Structures are given as structure tokens and as C-alpha cells.
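Down below is the structure, laid out as C-alpha cells.
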Amino acid sequence: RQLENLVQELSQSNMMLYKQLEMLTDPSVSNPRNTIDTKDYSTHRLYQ
Amino acid sequence: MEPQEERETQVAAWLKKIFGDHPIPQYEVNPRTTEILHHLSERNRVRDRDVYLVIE
């Protein structure tokens with residue numbers, strides 16, 4: 001049980017360090033800057 | 001080259017588009033009257049599509 005307590009604490013440490021990695025590696029923007037984005041439909045209307 | 005039959009067909013289709021509830025007076029059947037309004041309708045569709053794009 002005494003070792004299991006530290007196992008729980010280390011697992012808590014591992015999960016709270018797991019939860020920080022995915023926030024810094026989010027591909028929100030998905031050369032994309034050179035091309036006209038289809039989501040940016042204002043540029044599409046401008047071209048049309 | 002759109003013939004005068006297709007020209008007048010597009011004019012007839014454009015008459016109910018423009019007037020709608022407004023009455024449609026009769027035109028003299030000659031190539032001049034059919035020819036002039038064709039360019040007006042052709043550019044009116046273009047500018048209305050463009051203004052649709054601007055509004056959206």
C-alpha cells in the first residue's frame with residue numbers, strides 16, 4: 001500500500017504532464033499562406 | 001452566336017424575372033429591340049451576382 005500511494009502520485013504526475021503536450025501541438029492553421037484558403041471565403045468572393 | 005429565337009427566349013425568361021408582379025408591355029418584333037436588351041441582361045446578371053458576393 002505504501003508503494004501504491006507513490007504509484008498513484010507518479011501516475012497523477014504523468015497524466016498532468018500528458019495533458020500539457022496536446023495544447024502546444026494543435027494544428028489550428030492546418031505553403032498555406034501563399035494559397036487562397038477555402039475557409040477564407042472573402043478572398044474567394046473577391047476572386048469570383 | 002445566340003440566334004434571335006434563343007435571344008427572344010432569354011428575353012421572355014428575363015421579363016418575368018424583372019417585372020414579376022409588374023405588367024409586361026409588348027415590344028415590336030425587330031432584331032434591334034431584341035439585340036439591345038440582351039447585353040443589358042447579360043451584364044445585369046453579372047453585376048447582381050457580384051453584389052450577391054459583396055452582400056454575403
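Residues are referred to by chain and number: the chain letter is A, B, ... according to the order shown in the C-alpha cells, the number counts from 1 in that chain, and ligands are numbered separately from 1 in the order shown.
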message: Select, as a PyMOL selection string, those residues of chain A with any atom no more than 9 Å from chain B (distances computed using only C-alpha atoms).
response: chain A and resi 42+45-46+48
- prompt: DSSP says alpha helix (DSSP H) for which residues of chain B? Put them as a ChimeraX atom specification?
  reply: /B:4-18,31-55
For residue 11 of chain B, work out the shell of residues within 10 Å, counting only C-alpha atoms and skipping chain neighbours fewer than 3 positions away, then give it as a compact mmCIF listing (two decimals) with C-alpha atoms, in the first residue's frame.
```txt
# COMPACT_ATOMS: atom_id res chain seq x y z
CA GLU B 5 -35.04 32.72 -81.33
CA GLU B 6 -32.78 31.97 -78.34
CA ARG B 7 -32.37 35.73 -77.87
CA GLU B 8 -36.14 36.23 -77.59
CA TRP B 14 -35.87 37.69 -68.22
CA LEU B 15 -39.18 39.60 -68.46
CA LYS B 16 -40.85 37.60 -65.68
CA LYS B 17 -37.61 37.78 -63.68
CA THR B 34 -34.17 42.10 -79.08
CA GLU B 35 -30.45 42.85 -79.52
CA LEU B 37 -31.66 44.39 -74.04
CA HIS B 38 -29.58 41.20 -74.34
CA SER B 41 -29.48 41.49 -69.11
```
